[PDB]
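Order of listing sets the numbers, starting from 1, for every ligand and every atom in it. The chains referred to below are lettered A, B, ... by the order of the sequence lines, with proteins before strands, and numbering in each begins at 1.
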Amino acid sequence: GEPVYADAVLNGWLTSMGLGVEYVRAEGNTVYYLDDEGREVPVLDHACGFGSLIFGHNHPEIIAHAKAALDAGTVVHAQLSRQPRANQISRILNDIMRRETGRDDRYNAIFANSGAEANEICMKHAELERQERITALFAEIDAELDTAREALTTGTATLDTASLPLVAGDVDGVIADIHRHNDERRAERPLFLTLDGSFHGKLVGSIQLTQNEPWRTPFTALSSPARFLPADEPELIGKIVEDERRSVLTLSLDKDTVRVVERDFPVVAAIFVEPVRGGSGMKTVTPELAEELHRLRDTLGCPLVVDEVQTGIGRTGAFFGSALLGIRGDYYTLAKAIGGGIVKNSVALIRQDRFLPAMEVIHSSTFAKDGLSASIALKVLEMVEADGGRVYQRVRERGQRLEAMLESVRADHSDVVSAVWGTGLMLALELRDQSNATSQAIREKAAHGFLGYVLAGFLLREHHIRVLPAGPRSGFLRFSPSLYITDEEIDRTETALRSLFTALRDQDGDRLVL
Amino acid sequence: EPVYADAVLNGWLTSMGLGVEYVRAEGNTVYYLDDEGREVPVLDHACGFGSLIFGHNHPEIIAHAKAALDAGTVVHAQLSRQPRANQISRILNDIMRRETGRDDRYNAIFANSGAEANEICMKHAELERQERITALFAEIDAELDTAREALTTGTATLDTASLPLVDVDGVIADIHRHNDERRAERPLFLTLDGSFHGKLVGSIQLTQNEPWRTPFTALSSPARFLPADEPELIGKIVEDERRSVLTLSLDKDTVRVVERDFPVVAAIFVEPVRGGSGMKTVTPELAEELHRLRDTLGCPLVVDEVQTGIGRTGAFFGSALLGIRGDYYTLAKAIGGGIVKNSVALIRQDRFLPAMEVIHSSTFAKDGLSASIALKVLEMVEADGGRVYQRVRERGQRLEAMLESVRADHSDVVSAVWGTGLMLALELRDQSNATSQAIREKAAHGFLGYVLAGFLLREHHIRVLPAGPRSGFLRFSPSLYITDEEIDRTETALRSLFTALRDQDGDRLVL
Ligand SMILES: *Cc1c(COP(=O)(O)O)cnc(C)c1O
Ligand SMILES: *Cc1c(COP(=O)(O)O)cnc(C)c1O
């Protein structure tokens, strides 16, 4: 009935899913809402900012640091001055990367405010690399034209007319039609390669790189497209990228004879990959696929960009998921957990032998590289590295525990659960399709793509546990809690799930759907 | 030695005379350490490029933030009820009504930066454009259906003079072919000359500055930059951009293929006060041209207030001050209170498409901490019957006067004072023909303003930063707590600078 200035549709929808609740306080792995009588009810949080809260909500040590930084009158806005904290942060990340990959590469850091902004820095820099490639090729092509003409008009060579259906009739005329052709091509828009089910952001550039169809397809006309390569079938990937070859024309001299010929054009600006893929449902990159991506990157001459916005800061059980999994990228990006659960920060890391110094003075952003997020970033890095790397060891063993009880629930409920996916504290259950379900109310939700959200509402209202779905038809349930998740909390989750998947088995849509 | 960020950026700042690290900040003052380790106070006229309307680290904002942290505010609460967003949007809606007189209502989508706010608007504009497109293409079908069942059932003949635009069935196919090429063509954005709307893949296309933009041209839809001083040229430029689709029109007896307008323009962007042109305000003449265009093309007018907003012009909304009736608005910078990162797109509710609010999202957006701080900042700028704007206006008047008085005595080097409220700038006269070789070389490289800012820093301990595409303006956008004595110290600093520049003393200016 009444005026409403945000969230109306979003709120309506959440309520019907059974998720209309306001959390008023948070600490550790627990968030609180108020019941009818005004009491705080504790809820266990498995969503955790979609992975942002590796140390839980409002970790005391991070809050203290932030308050100290505020109390010291940290310079938050200090644009175009010396801010050595950036260098300090990038130095630490560089060290960690060496230690986890064995490789001795060095990286330059550009800081931003979100994961999508980090990736789009990489997009932009990739296009800078591509333009350099293009300038170098076109320069060569000129000199190949020059040489062919001063051989063709000075005596010494003839133009083989079998070559001519690429473009003819006459010398200067053919040069023009080649210049024409190449310029059309040069100004054509680049292509990005990404993986099926990829999620790389939702901004004008980065949304094109995100699989999910209702999120992307409305905005298709805005920005350069990506091809989504199939992860399970690496053998199809070679052919798909071949289809995307485009050539430019030039004149090649063989002392005596001159021919017009095709010559490779760089259309692909970059290849993007997630070590663990949210939108496919926490599926990790296989060694097979990593090797295909390395081939492509070697073959095309473009950077491989490793999106660690979600997988990074320890959640997989190393700092870098890529290092765990053996993905040798050329750019890396980071965000989410680096803000410590309280602020917004992100970073692109770009290898220094590819880095183009223009980028450092032609890209900028008002909020980026601020002092407060900077200081908090140094803190978070301090904390995950502490005590000889014992934090990763705790991530790994907490993850092992949680994967086991998840695997044990599957085993008893395989009629509704297909698979457990993921690694470390970044895990998911795959639900079996329920579009053919007995219960009319369940089946209708499944048809609408809302099954997972509905199940998450059951978990909430009946077991006070907060889970959120992943995947394009909300067909996965995500678990990415903090490393402080207790065994008793993991037991309470096992109880909750067995209850859920027994109701689903029984097809009890009265209980599941509101 | 090894170096992991900022090497080139730092090298450059040092040579401009701006290589300094600020270690602490309070009010309108930031501090660096001298050779002996003493804190040196510097007056800050840059102020986060306008973010610090209440100065660095305002006690009242710091206290609020610490309290919010101490209460265990829910920062990450995605996909739950976060009523603070609604509360923030409600307040902005009330302020807008009071300043425009208009009784329009606005929906809020929150983001993490000004560029993200604007790109929400870009995206939503394209959603509006796709709806337009679906409606037109639907009509065109029914115009085709009707023409064919008239052409094959007896009753009409196809006028063959029309045909060099494109058998019957063959022509339908070639029309469908044609229209689909057009449909998938990329949209156009209109913006103003010298516009700055962001530096992300989408928003960079909307930013004039050439070395920032032109490397990335191929990535995203282009914008046409319309000339602000010459509104009369704008009509023609937008005409050149017309594109048609083909359809079949029946005149009972006779049937003709004809051109029909296609919506290519997704949105028009404008800043009430234009950073990249050097704090030039939109004239009534130009506002009226923009209103024409928007009425004419059927696309939204997007008002970028990322910089001009939260009071800096002397109203909350610069657009309201200046009479720009936009359809979307965006806000950022000062709404983060000088300590956090927040932004918002406001979109009118009769244009708003509800899909947007469940198909766009962002991990950091709408977080609890920035939210609470946003409510605080709004509290503060609205307090005491609107006395804060009155103070912005009268502080701005003071500062504009001494700037205007410096110009008058140094018009041989200063062209103009631009801007309004506490958002002001001096325009420098071209020095590419300067006597001093060192000055002239810097001016040629586009580095003149930065060099002058280094003089101001090292000799008068004042922090100014340039604006404009050849760094040919000096910006002044201090906090509303700027004192008269601070404004006097700036007048002294400038007279000194512009006397050295007059004398062409490149030993003193260029280092
Ligand atoms: C700074 C600025 C922007 C971009 O703000 P960010 O937070 O850096 O994205 C957009 N428009 C104007 C007028 C600006 O001054
Ligand atoms: C959430 C996410 C992003 C986007 O991060 P934002 O800060 O919300 O822009 C990018 N990549 C992955 C893998 C993500 O999970």
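Here the rule is side chain to side chain contact (heavy atoms under 4.5 Å, CB included) with A:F192, and of A:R227, A:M123, A:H200 only A:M123 fits it.
Within the 4.5 Å cutoff, no side-chain heavy atoms of B:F49 are placed close to those of B:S477.
A cation-pi arrangement, defined by a distance under 6.0 Å to the six-membered ring centre and an angle within 45 degrees of its axis, is present between B:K123 and A:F219.
Shown here are the salt bridge (charged side-chain N to carboxylate O under 4.0 Å, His left out) partners of A:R466, two or more places apart in sequence or in another chain: A:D45.
Within 4.0 Å of ligand 1, counting heavy atoms only, the contacting residues are A:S365, A:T366, B:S113, B:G114, B:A115, B:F196, B:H197, B:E271, B:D304, B:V306, B:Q307, B:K333.
Looking at A:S474, its side chain does come within 3.5 Å of a backbone N or O of A:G452 through a donor-acceptor pair.
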Intermediate values then yes/no, side-chain hydrogen bond (donor to acceptor under 3.5 Å, both in side chains), A:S114 and B:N112: CA-CA 7 Å; A:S114 72; B:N112 313 289; 4.7 Å; no

